[PDB]
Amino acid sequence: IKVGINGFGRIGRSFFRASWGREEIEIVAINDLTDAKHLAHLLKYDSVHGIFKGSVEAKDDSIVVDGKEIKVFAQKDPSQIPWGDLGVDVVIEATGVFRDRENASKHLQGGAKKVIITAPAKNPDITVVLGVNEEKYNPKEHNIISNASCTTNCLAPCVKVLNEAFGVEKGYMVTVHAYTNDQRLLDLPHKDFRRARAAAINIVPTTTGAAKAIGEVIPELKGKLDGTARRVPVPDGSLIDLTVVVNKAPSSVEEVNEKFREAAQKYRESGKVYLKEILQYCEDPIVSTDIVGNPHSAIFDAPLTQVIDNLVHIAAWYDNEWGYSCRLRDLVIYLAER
């Protein structure tokens, strides 16, 4: 499948790296707000994920990665991108400013057959989280797809295991999340009064729609969960803390953990390539740097599980950039299959 990337940023470039070398995907065009030389350099040297292994060459209006020539554009207006004449099937909308339906749909009016919004969206045709509700996707009816947020891809699978096993009545989630470019280096103007504050020297409370909008991927949990985020000084790597009240009080912490061990095993034996890196059952005492580069949507930290009668608490890690980008890679692959 031909792929176009709009917004070659943290997610865009991680998506490029995640799907490179995979014969199922063929990235043919990239669009951002700079020249080819700057994009090539950003792709080669990453402060968080290391040096790109392939060979990167820059040209006037394109980059050649491992002999493959990829067209580079610098159109701030998405309607000006010729996805159609490039033979692009799917476009990865990762600029962060076109999460609305009318702007995201411009890519279609440009020759794209489908657009994937790398974030929660308002009025998309369908929001999908691999390993949770990807089957509710209908090729002919859905052209604007949201892959939700990094947080949702970690939260949904975990709450799914807890719900099917014990029945979640209500819950709350706090995510200790790495800072991102939607925050500021030093106190600067920003719509959100807190996201405006120096990111690398502050614990920054901010909102997240992961729990509140969980209803989009798991209908029966709608209005059952609330959540929030705490942005902290790590360049990448995040963790979710989920507390739920269940109908079936588990007999112990180990009964809860077993359910996760089994859910992870189930995904791996499904035979679906797009479900192989959804859930990882971990028992080693790790910290954020250990999961940087981990492709799973959720790395369940068994030792952190706690239970008080019908109150259940679990924690799961997720490389907010990498795991999510790998899900984007798997979502593109899934579309190929239909």
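In this text, residue numbers run from 1 along the sequence as written.
Per the record, averaged over C-alpha atoms, which has the higher B-factor: 297 to 305 or 28 to 36? The stretch with the larger average C-alpha B-factor is 28 to 36.
Tell me which of 73 to 81 and 208 to 216 has the higher mean C-alpha B-factor in the deposited entry. That would be 73 to 81.
Highest recorded C-alpha temperature factor, please, choosing from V244, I144, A200, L130. Among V244, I144, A200, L130, the PDB entry lists the largest C-alpha B-factor for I144.
In terms of recorded Cα temperature factor, pick the maximum from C150, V232, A94, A121. Checking the PDB record, the top C-alpha B-factor among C150, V232, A94, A121 is at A121.
Quick one: classify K160 as lowest, middle or highest third of the chain based on its Cα B-factor. It falls in the middle third of the chain.
In terms of the chain's CA B-factor thirds, is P285 lowest, middle or highest? For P285, the deposited C-alpha B-factor lands in the middle third.
Within this chain's modelled residues, let me know which third the CA B factor of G21 belongs to: lowest, middle or highest. According to the entry, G21 has a C-alpha B-factor in the chain's highest third.
Lowest, middle or highest third - CA B-factor, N257: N257: CA B-factor falls in the lowest third of its chain.
Relative C-alpha B-factor of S47, binned into the chain's lowest, middle or highest third: Tercile = lowest for this residue's CA B-factor.
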